[PDB]
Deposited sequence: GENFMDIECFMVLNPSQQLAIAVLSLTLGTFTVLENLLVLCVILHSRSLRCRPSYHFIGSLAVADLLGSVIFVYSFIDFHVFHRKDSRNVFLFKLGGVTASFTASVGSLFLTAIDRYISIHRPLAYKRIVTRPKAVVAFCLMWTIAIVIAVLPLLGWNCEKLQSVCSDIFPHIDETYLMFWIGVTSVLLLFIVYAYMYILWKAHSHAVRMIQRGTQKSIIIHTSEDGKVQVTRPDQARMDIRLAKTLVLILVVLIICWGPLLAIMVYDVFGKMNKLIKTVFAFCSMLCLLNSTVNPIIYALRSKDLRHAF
């Protein structure tokens, strides 16, 4: 029984408040972006919608995990627990994939500035849209169609699967940072070349740096302790301290669904002008 929040019970109310705030702000963003009048033209603005809906789904499902064991403790089948834990691994890898896709889009928008409008188009931006969701679904459901075990809250550890998932998400988490660093470098090089050539009146470089350092620090902070302790959990040894840090970092993990859509949908001036 890994359930030992005995000295820390101030989770339910804060998690509920944070989830409600996330759901309401994501719904407001969707309302101001899903008018289907003019914002549908840009592929990146429907890339953002995928992240928003993934965040809303992760917020609504993740907080539901605790109320099931209050009064009746209905048994049903282990498949229910397995299929509810699988959902948590399918509403965050989808968000990470959406972030990777939008980072690749931004990288293309400067790597080949003249051919960006032709390389990236609506028919070619929807194949990856569905492909990433399907990949997330299948990687979540794979243990159900595979073999089982080294004991999580439900007996669903599969130590090999835990290593595989961390290795799969690591490539995306590294390529996002690489793409953003390359964007910053290319923008700075273009600005310094302009300055050296001599058309006075580096605003774009400074604006891009300010926009991107915040994104990078948020990404490296909110995904740092979780992955660190999950890779520490490699010899099968754990303590009440580890359980407490997981319980307290659950909210850090969930805080992405609150802060990331704010940053992504507020830094762009088109959404603000659309209102």
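Item checked: Deposited sequence positions missing from the model - stretches, numbered from 1, in order -> According to the deposited record, C-alpha coordinates are absent for 1 to 10, 160 to 165, 218 to 236, which together make up the missing parts.
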